[PDB]
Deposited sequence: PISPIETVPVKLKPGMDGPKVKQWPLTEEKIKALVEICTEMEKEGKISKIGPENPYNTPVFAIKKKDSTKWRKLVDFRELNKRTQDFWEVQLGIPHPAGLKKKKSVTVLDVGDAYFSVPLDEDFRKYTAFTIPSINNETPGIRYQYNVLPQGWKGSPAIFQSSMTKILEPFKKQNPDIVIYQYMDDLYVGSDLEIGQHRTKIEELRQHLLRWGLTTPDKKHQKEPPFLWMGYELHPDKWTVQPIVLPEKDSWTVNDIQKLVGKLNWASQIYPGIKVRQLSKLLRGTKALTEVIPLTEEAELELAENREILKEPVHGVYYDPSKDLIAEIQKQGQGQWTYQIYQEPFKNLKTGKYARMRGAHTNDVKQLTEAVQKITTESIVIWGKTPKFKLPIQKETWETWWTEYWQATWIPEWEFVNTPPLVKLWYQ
């Protein structure tokens, strides 16, 4: 009930980010939502003396039909003071369910002198009426200060369940609670259902998206092995691609040699011609296969550095990705083919991939990576909001020159 004092960083003013164009249907939904939020006192109309702005839009969470207001607080998050005034067990857990606990934030009042900085505008079609201007009175969803200012209340609400269940790992990121078990899905969903009773009990002391449960599990390799083909007959082209792959891998694994295989490439042969491997060549290949079974040397996560995620489009709905802090020191790699209702839409697939990778990232390190997206800026920025279903938003940049490396992950 007593607000926590918040300021910006020294020498930084509040966010002044342009509102981007919204479709009629998103505008209609934001108007209905904000009208109700105003009645409930969560937000208030503001006047022209407030020059700040943060973009707003609307999404639908995964497997739901109802519009949800999403504020893009990325700029405010950067400019908001850090609040110092990660559960390694989570990734190792057998299963994790993700809960939208953001609605809880709305019960905590927001510091009066900070509210101006949460200004947003609902635009009108064709600028025929003035944008409707609001600011928050309470902790807004998507602001980094919100979990940090609610963390005190949150522990008190979870003290029983944790004392009652010392096995379940519980992690909070932004508007999400990550609840990891080792139990069976029936126990799991029930124990999840159990946890839903704590916030209804506290709730009346009604949430729109609190009921949903998003289910996930870890996979076998953190970093996928680099594998080389096993063949009985090698063509010149097969050997050229092999030497290319190994040269690349030698940037990551220092013992890799290609002299004895390259020597097979001595001469000017037809690309489809079959070349018998020499005994020196087979040993070298064998030696390299072995080297590739070992982990990478000198790879460590560092919380003081940014996570970087690269994605490649592999075709036929398949995507590969790598997460690192230093080049050639991958912390996690992966491959996806599983994209729903996107079979003829690249951009929807990529947007889903970005959301999946970001989720994995939050689980492993408790922070989001900066993406390097294989897409033109203008295409991405036109469409990504159509397919976004998460309540956080990572940073991204754009790759305009085709990496030669796509093969090596294929």
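- No C-alpha positions are given in the record for the deposited-sequence stretches 1 to 4, 90 to 95, 216 to 223.
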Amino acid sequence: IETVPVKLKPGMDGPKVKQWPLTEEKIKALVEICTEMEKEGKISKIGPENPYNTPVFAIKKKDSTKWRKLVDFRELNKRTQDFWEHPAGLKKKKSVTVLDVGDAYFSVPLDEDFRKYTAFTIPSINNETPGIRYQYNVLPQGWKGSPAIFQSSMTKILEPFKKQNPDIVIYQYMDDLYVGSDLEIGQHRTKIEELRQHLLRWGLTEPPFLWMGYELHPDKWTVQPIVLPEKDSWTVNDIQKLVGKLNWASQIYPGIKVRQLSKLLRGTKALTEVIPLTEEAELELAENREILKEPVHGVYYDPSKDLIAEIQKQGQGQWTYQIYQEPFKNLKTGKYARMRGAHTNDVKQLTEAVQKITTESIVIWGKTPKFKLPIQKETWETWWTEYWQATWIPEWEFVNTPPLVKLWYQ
From here on, numbers count along this sequence of modelled residues.
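Heads up, when I say rigid core I mean the largest set of C-alphas that superpose within 1.5 Å between the two forms.
- Stretch 258 to 266 is the one, of 166 to 174 and 258 to 266, whose CA positions lie farther from the shown form in 6 other deposited structures of this protein once all structures are superposed by the rigid core.
- Taking the root mean square of CA deviations in 6 other deposited structures of this protein after fitting on the rigid core, 292 to 300 and 67 to 75 differ, and the farther of the two is 292 to 300.
- Compared with other entries of the same protein, residue 211 falls in the group left without coordinates by at least a third of them, where both flanks are modelled.
- Looking at mean Cα B-factors across 5 to 13 and 18 to 26, the upper value is held by 5 to 13.
- Comparing the deposited coordinates for 225 to 233 and 192 to 200, the stretch with the larger average C-alpha B-factor is 192 to 200.
- The residue among 334, 160, 255, 131 whose C-alpha atom has the highest B-factor in the PDB entry is 160.
- Within the listed group 307, 274, 291, 216, the record reports its top CA B-factor for 216.
- Looking at the C-alpha B-factors along this chain, the one for residue 120 belongs to the lowest third.
- For residue 94, the recorded CA temperature factor ranks within the highest third of the chain's modelled residues.
- Compared with the other modelled residues of the chain, the Cα B-factor recorded for residue 249 ranks in the lowest third.
- Compared with the other modelled residues of the chain, the Cα B-factor recorded for residue 348 ranks in the lowest third.
- Ranked against the other modelled residues of its chain, the C-alpha B-factor of residue 358 as given in the entry falls in the lowest third.
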